[PDB]
Amino acid sequence: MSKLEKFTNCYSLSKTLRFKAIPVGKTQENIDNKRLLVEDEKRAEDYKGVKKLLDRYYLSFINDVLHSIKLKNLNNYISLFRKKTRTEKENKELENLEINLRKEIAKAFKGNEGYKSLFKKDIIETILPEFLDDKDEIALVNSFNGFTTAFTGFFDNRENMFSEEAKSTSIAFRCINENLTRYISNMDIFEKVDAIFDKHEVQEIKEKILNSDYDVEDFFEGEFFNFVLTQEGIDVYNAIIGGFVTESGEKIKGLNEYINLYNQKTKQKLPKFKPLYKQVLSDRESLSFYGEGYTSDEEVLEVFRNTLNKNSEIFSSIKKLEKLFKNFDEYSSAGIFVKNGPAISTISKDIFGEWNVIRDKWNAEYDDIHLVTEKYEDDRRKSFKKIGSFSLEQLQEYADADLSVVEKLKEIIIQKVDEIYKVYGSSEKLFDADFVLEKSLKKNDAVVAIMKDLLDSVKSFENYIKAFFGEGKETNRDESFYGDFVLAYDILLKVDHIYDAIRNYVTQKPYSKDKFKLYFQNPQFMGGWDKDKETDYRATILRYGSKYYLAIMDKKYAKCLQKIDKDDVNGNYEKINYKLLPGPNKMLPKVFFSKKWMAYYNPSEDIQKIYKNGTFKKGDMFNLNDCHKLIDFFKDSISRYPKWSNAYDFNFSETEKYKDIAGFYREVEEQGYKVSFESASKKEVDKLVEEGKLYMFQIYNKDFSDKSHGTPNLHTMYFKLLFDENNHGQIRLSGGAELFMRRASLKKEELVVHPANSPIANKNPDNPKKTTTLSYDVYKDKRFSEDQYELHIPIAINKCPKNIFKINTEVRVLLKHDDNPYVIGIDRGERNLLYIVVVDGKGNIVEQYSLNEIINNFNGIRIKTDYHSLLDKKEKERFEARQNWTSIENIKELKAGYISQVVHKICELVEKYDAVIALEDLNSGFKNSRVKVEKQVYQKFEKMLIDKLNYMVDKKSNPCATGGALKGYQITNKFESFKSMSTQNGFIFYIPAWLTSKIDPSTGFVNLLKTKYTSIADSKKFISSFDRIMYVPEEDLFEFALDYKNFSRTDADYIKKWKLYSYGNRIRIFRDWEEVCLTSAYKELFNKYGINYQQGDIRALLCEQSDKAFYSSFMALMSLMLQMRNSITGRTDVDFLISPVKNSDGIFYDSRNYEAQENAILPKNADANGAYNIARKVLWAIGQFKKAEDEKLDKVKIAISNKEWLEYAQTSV
RNA sequence: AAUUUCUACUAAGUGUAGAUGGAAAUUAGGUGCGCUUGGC
DNA sequence: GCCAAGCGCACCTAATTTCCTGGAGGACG
DNA sequence: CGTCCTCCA
Ligand SMILES: [Mg+2]
Ligand code: NA
């Protein structure tokens, strides 16, 4: 036996199969003539409208409750929440006060008498109309009378808002778990940071943000939190923190701005506040002003031409500012000023090449006067900070003999004006009055590039100009320059709103129609599949051979398939006969205590008293003997209930054996499902479609083509298995199917075509058949060029699981008693997206390779796909698009594509080796800081892996075999959320990543030294703590003998005593890279300071140095020597791992000696080393399971400590 | 360069290989650019 | 040239809820 | 009463 096969039929899950629906015969014309698709497209728009009118009600309902709430538990919860020493029982009381706070919110909604009617037809029929005023809005709502069933799901989505549970879509959850937690964390930050705010700034927030009705401090007391339950108060509170922008553009500072300024001014690091999340269903309007944008291509072109032609004022303002600078000499250089700050940085760079040069020259002249250095540089920085402005004459001081500042400036303005003209010559045709654009602006990259290139050059000019404004408050200021310069600068600034607004419009995605749902004039269309509901749902399934069909009865002919009999002679369709008894624990009481049934069969008061009282259910009023007499009442009513009695061949148990009522309900549930097919005359059914009484679509994907001949999609197997006699409820067909129309979005004529009989280039370089020639055209994206029906079919897998155990526990047990358990270790990364190492129970490397490339072999042909390269390209295409205002392509499909191959390889690995999976326990705070690197695959990899392992099927297996489609493996727990995961998800273990990569696999050696240069005396103490430092002539290496117990915070190490050598090279990273030969660099350093490095033990000699640079360069070299991992950024060709320690045979581990070998015993590179040691850290956890009794396996801690890891790693060898 | 959809193909000629939980709702994040005030 | 706090706009990505129902019951001609 | 939409849990 294997460990996998114990994991079938563990839990239920639902999935959706999707198909094209192809109209058969006259159905399309009959659908055309009745205009069914037009009705459905309009209904979808109106449906979204009504959904908006309903929210306007729900929101008003929400805000009236929330505005009137005073939380009772509040002050007790805030008290206990801020306690810093909580006993376990206090933690429990905290959770109880959190629960009670949410129940307080849920009851304030649900205690309303009319609460229930907010989710039945009353809200559409009555409530929402009386609440509305617009005649047209009211008529829109009324148009769904008799159709409110179409809102059942939407009512569930709205119900969710009022749950008391800690669930993400709940108002209560948003208020208490999320916003109250931030509010309380902000109270602490207020008490720390309070003093930094002066009286003026607190008053400004009070006057402009608090309407002068509150003090800023009030929103940091516990009692004020009720103010913040509605979007209104959230807005005010986030404005205290972040400020706002006035109608005139002034940015009023919030508290976080003042904290940042203070930090930046004092070089401190005080914490900032967090803003509160939004109120559920709020219609948010910002408190900051932002001007009106543009709404059409024509408007944009008119604005662009009115405001930017040669004769426009903005152009003229440039021709003034040019002619002005071009005549600098008529104005006194002592009177034109560059404000100190960014303006001097800009001007420093344009004239001296670097931003800091003017500050540098200033510092040099300061030193000339004033010459401890910690205050000096700071006192001098302060004195330089006290300067507000710098004249042009003053700057000429800093010019050098050949340089003249004024002359250099006017070159720069000509350089930027010539750049502006340059772009105008390319913008000639765009200014023509006769110009009209063929392509829409949001699809016309050529026109937008002309517009953006022009706008950019004008912006570039504007930022240069702005540095010449100075502080402005200068007494010396030359108003014969300023006066006109300010008139022209103020009109130029008008290009700011234009630039923003043009980018805001031009970058919008163009409108794309969504598919829409088809109802066939039925508010419960295709609701389910039960025979006794065919007439209400008016949709069934048919089979003719291998082909399947959806059959829809017209609103006027619901019974037309009830009549049809076998055509004994000619051919016949098979019509499905589907019966389902869902949720017997609810349906059985409802059916057999109905007024319809209690007439026929009267209860005993015995029978009646139980269900009224409830002595049938396990709980506090439980009484076993009553369930038995009730199970039989039900069992005796099933006999007399014909539509159930003859639909399911029941075979119950001896009643005396049921332990509770649920033991009965489970047998009804499993047996309440049956699917068969009866004959129907194909002549009559066809004529029904002909006469328009029946609509017929073939349920299609490519595996049903007459030309299909390969392995079908897993989903095609699922679908056919729905109706296979060997499927005994492993996969049930579910209700809630849906049919949609997706209008074509490409024109056939506009499609890339490969014409018949002209050879097509094959793209796979390992494919020896270089060309393919077909006799028919082949079109790119062909499927989007015609309207398409799609059918979405829900299915349910393992609805009645028989293998109920805690999945994690079972894995630990199985690992304990497994003589040689294999591990697949997986290192997550971005140099290598994924890297795989498989080990055996003894830690031997069995397989190792990167997954940057997917190698697939089929039909003798090999194919390699460098997905790391493909994602890299996509990531760069998107960066460029963002900066260029061009189309931002998706990356997530490509990620999914890549990840699917990865997951397929991993599943094969799991099956081949019966192996469990080892991953880094990456906290979610690490995984978000790498989302900026859009190669990022960490979390999507996890989701798709965990999903597949919820029901893992070998498509090639026999469907009835273990691991086949009817008996999939479930070796991860049912995916509910990341929120709720532990460090073990069945076969997946998450272990501490610490020192899995930066460790010498052949010795266990790690770098536990702190080698940042801090001071001369610390460097002397560091050098002196080695047992010996000497040059080794016979090896041309420097040896550094250390005992780790002589060094700070090295306790984790186990071996303690090491001899380090200057062996090989290293890649130093700095801002770029350089290669360093360690021995040669040590010789350079010692020679630079006259050091006789041949004098045996040399550390006393080294401590005789007085130069700080020696000790600093020496610590740097030590760091490079202890830097075992070495790579070049964005590079395949360098990622080697090299150790400064010898192994027992006196050789240095160097991954590059193993990267060569096809079958390496040790890791081939640093990423392999990481995956390898992640796997071993799980091998250790398996060692812990072996140390423990089975009763206690659930409590074995799996996170190896850092000290246990170094001992483990250093005694493996 | 074809697809229920996606990725990679052409795979022997209207397709091949692997993956594929939909629908609705709510909410959050990341990138990029502009503006405000600031820090090397 | 780099970066911080905050406001805005455009885009794409993604976490976590819910349902995956037939038969009684009502409203209506 | 026969039909169609709503409601239950
Ligand atoms: Mg196939
Ligand atoms: Na942003």
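Atoms within a ligand are numbered from 1 in the order they appear, just like the ligands themselves. Numbered from 1 within each chain, the chains take letters A, B, ... in sequence-line order. Computation of the quantities below employed the complete heavy-atom set of this structure, encompassing side-chain atoms and omitting hydrogens, waters and symmetry-equivalent molecules.
Below the 2.8 Å limit, the Mg ion (ligand 1) has as protein N, O or S neighbours A:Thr711 O.
Residue pairs meeting the ring-ring contact (aromatic ring centres under 6.0 Å, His included) criterion with at least one partner in residues 764-796 of chain A, sequence neighbours excluded, are A:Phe697-A:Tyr789, A:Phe740-A:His792.
Annotation: cation-pi pair A:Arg828/A:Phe941 absent, no NZ/CZ under 6.0 Å from the ring centroid and within 45° of its normal.
Residue A:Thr972 comes nearest to A:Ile946 through the heavy atom pair OG1-O, 3.1 Å, listed as atom of the first residue, atom of the second, then distance.
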Under 3.5 Å, which donor-acceptor pairs do the side chains of residues 705-713 of chain A form with other protein atoms, sequence neighbours left out?
from: A:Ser705; atom 1: OG; to: A:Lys707; atom 2: N; distance (Å): 2.7
from: A:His709; atom 1: ND1; to: A:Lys707; atom 2: O; distance (Å): 2.9
from: A:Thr711; atom 1: OG1; to: A:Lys956; atom 2: NZ; distance (Å): 2.7
from: A:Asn713; atom 1: ND2; to: A:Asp703; atom 2: OD2; distance (Å): 3.1

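Salt-bridge formation is detected for the pair A:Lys935/A:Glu875: a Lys NZ or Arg NE/NH1/NH2 atom is positioned less than 4.0 Å from an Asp or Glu carboxylate oxygen.
Not a single salt bridge (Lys or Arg N to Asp or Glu O under 4.0 Å) links A:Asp777 to another residue, sequence neighbours left out.
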